[PDB]
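The chain below stands alone, shown as structure tokens; this is the form deposited in one PDB entry.
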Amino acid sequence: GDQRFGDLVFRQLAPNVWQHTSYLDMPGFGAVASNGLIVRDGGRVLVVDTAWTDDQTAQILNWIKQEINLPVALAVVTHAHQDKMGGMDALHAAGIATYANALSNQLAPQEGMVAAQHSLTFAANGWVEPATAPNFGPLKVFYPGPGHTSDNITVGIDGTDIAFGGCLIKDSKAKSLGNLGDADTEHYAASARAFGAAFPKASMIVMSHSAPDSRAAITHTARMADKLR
């Protein structure tokens, strides 16, 4: 089940895959959970998303050292907001190579984030340009179009039934999407559907602010995003 490690929660999702969860008390919004992923690829570990803070992200690295005890070869972060990139400095202090969408790196300063060290770029069809994502192992990175933000990216894990939608995807019982100022209202619905089509066989949809869900999370997020266009 859930594994409490200090103020963080870790949950094994598949043999080589764990979800990390961290919390931030946001005035006016309560204590908000954010989820990312940890993947073991042979003798190395790959991280998807930081925690909200540097201190929490250092604790993720501490958990990895205790439960896996292999080097963290790289981290990929899925857009320039605090839940996904708030802990970049902790990754850099630990010597970990970091990757984000070029657009996330461009937006990072004005969003109050530290940029990743390397920039991913994407083909017109959304798949990462392979030269920009060297040694990514099973991580299959896809840009579905603007939605939750202009720069949001998504990640499939080869050899598993898991795809990670980040903050683009909400769960199948979610009530709304909100009126968030960074969202692309014109394109959000198509981007959600493009994520589902990019990972057509993934049956476990992992996301930033809900527990893992079936593919109904995609249909429901899209079906909900329709009523904004």
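Take the two forms, superpose them, and find the largest set of C-alpha atoms that agree within 1.5 Å; that set is the rigid core. Counting begins at 1, following the sequence as shown.
This protein has a second form, the form deposited in another entry, left out of what is shown; the following refers to that one.
Once both forms are fitted on their core, the CA shift for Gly43 between this form and the one not shown remains under 2 Å.
Annotation for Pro200: C-alpha shift under 2 angstroms between this form and the one not shown, rigid core superposed. Relative to the superposed rigid core, the position of the CA of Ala31 differs between this form and the one not shown by less than 2 Å.
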